[PDB]
Amino acid sequence: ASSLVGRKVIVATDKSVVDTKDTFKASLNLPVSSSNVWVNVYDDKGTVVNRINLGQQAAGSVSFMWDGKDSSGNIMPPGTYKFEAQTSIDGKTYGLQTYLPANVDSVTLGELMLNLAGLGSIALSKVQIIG
Amino acid sequence: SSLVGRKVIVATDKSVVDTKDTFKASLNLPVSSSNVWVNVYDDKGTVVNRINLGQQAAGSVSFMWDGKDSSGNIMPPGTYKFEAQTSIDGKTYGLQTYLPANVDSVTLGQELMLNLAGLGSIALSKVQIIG
């Protein structure tokens, strides 16, 4: 007799609660290959924190990491951060979907949903086939 | 380079099935349950089969369909619907299925989308971190 409560799942979202004591690891999907892909990192009020340039990447999934520091190398306090992945294809900028870890706080409500730390209630259609 | 022609995993309830091959996919189950199932229907909503999965733990549950109706007759290749559900304390709840689809082309919204075989234009928030 079990649930997801306490487990980490992977969610199609641009926010995640980060414990900056540990490396943060996640991915994005890139539908066309590109010479220039990146993730801007913001704090929970929209202020830029850092920029992760991923350089050239092939179509498919791309993994990335954030060490929890701002672009000045100072450790950021644990909390909710925003990850905006994008790419430049033929001189135009496109958004990419990120897949980010979240803890399940509880299960709630025909319709079941996950209550995800920092996200509120999320539908299962956003959650990755659970590991 | 393209993505075109690859197979991705989509939070959807429909998939183009080639019934000459076994069909394999997953659902997410948020709370463990003694009774989990997948109803299968043709593209007109006519019921084809019932895949009973019995008791399952919270997490990912994999399932397969051999392409046959409940009388053992091979169904024709085509779009099929997979409705995963469970029973929990006497109440029935839908579950999210994650099904394979072929990438026909890559296109714009909307603002990058996948045109998936049998599904149309689908947002990357519905697509599994691509293998």
# chains A, B, ... in the order shown; residues from 1 in each chain; ligands from 1
$ residues_around --residues "range 76-90 of chain B" --least-positions-apart "3" --cutoff "6 Å" --atoms "only C-alpha atoms" --output "mmCIF file with N, CA and C atoms, in the first residue's frame"
data_model
loop_
_atom_site.group_PDB
_atom_site.id
_atom_site.type_symbol
_atom_site.label_atom_id
_atom_site.label_comp_id
_atom_site.auth_asym_id
_atom_site.auth_seq_id
_atom_site.Cartn_x
_atom_site.Cartn_y
_atom_site.Cartn_z
ATOM 1 N N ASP B 13 -4.513 9.833 -25.314
ATOM 2 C CA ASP B 13 -5.215 8.552 -25.207
ATOM 3 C C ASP B 13 -5.383 7.879 -26.536
ATOM 4 N N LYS B 14 -4.800 8.433 -27.580
ATOM 5 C CA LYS B 14 -4.889 7.831 -28.920
ATOM 6 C C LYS B 14 -3.519 7.496 -29.491
ATOM 7 N N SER B 15 -3.436 6.453 -30.321
ATOM 8 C CA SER B 15 -2.173 6.169 -30.968
ATOM 9 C C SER B 15 -2.428 5.432 -32.253
ATOM 10 N N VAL B 16 -1.604 5.651 -33.286
ATOM 11 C CA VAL B 16 -1.725 4.855 -34.547
ATOM 12 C C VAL B 16 -1.082 3.501 -34.317
ATOM 13 N N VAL B 17 -1.883 2.437 -34.323
ATOM 14 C CA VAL B 17 -1.324 1.118 -33.985
ATOM 15 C C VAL B 17 -1.138 0.221 -35.193
ATOM 16 N N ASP B 18 0.046 -0.335 -35.345
ATOM 17 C CA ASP B 18 0.257 -1.391 -36.362
ATOM 18 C C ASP B 18 0.114 -2.731 -35.673
ATOM 19 N N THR B 19 -1.053 -3.350 -35.883
ATOM 20 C CA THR B 19 -1.536 -4.491 -35.118
ATOM 21 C C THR B 19 -0.804 -5.745 -35.537
ATOM 22 N N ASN B 35 -7.143 -2.534 -8.284
ATOM 23 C CA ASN B 35 -7.837 -2.814 -9.563
ATOM 24 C C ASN B 35 -7.548 -1.734 -10.607
ATOM 25 N N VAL B 36 -6.686 -2.024 -11.581
ATOM 26 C CA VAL B 36 -6.335 -1.052 -12.613
ATOM 27 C C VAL B 36 -6.595 -1.625 -13.981
ATOM 28 N N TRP B 37 -7.058 -0.825 -14.952
ATOM 29 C CA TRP B 37 -7.397 -1.389 -16.272
ATOM 30 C C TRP B 37 -7.240 -0.389 -17.399
ATOM 31 N N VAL B 38 -7.245 -0.912 -18.619
ATOM 32 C CA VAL B 38 -7.201 -0.061 -19.793
ATOM 33 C C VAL B 38 -8.313 -0.548 -20.723
ATOM 34 N N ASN B 39 -9.319 0.296 -20.992
ATOM 35 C CA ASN B 39 -10.330 -0.010 -22.022
ATOM 36 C C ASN B 39 -9.784 0.349 -23.401
ATOM 37 N N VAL B 40 -9.952 -0.497 -24.399
ATOM 38 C CA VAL B 40 -9.473 -0.133 -25.733
ATOM 39 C C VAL B 40 -10.667 0.068 -26.685
ATOM 40 N N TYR B 41 -10.622 1.121 -27.519
ATOM 41 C CA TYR B 41 -11.722 1.435 -28.441
ATOM 42 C C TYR B 41 -11.157 1.716 -29.836
ATOM 43 N N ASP B 42 -11.947 1.497 -30.898
ATOM 44 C CA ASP B 42 -11.559 1.909 -32.244
ATOM 45 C C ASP B 42 -11.726 3.412 -32.411
ATOM 46 N N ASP B 43 -11.401 3.928 -33.605
ATOM 47 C CA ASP B 43 -11.517 5.373 -33.774
ATOM 48 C C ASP B 43 -12.938 5.920 -33.730
ATOM 49 N N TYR B 93 -11.485 6.517 -11.266
ATOM 50 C CA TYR B 93 -10.671 7.664 -11.588
ATOM 51 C C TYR B 93 -9.919 7.364 -12.865
ATOM 52 N N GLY B 94 -9.855 8.321 -13.800
ATOM 53 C CA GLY B 94 -9.078 8.164 -15.020
ATOM 54 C C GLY B 94 -7.592 8.227 -14.747
ATOM 55 N N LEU B 95 -6.798 7.491 -15.558
ATOM 56 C CA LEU B 95 -5.370 7.672 -15.482
ATOM 57 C C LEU B 95 -4.809 8.123 -16.826
#
$ interface_residues --of "chain B" --to "chain A" --cutoff "9 Å" --atoms "only C-alpha atoms" --output "PyMOL selection string"
chain B and resi 1-4+10-12+26-33+57-61+91-98+106+111-114+123-131
$ select_by_dssp --residues "chain A" --states "strand (DSSP E or B)" --output "PyMOL selection string"
chain A and resi 3+8-12+15-18+24-30+34-43+48-57+60-66+69+75+79-89+92-96+98-108+113-116+120-122+127
$ residues_around --residues "range 22-25 of chain A" --least-positions-apart "3" --cutoff "8 Å" --atoms "only C-alpha atoms" --output "list in words"
residues 18, 19, 63, 64, 65, 66, 67, 68 and 100 of chain A
$ closest_residue --among "A:121, A:50, A:86, A:56" --to "residue 70 in chain A" --atoms "only C-alpha atoms"
A:50
$ atom_distance --atom1 "CA of residue 120 in chain A" --atom2 "CA of residue 110 in chain B"
25.6 Å
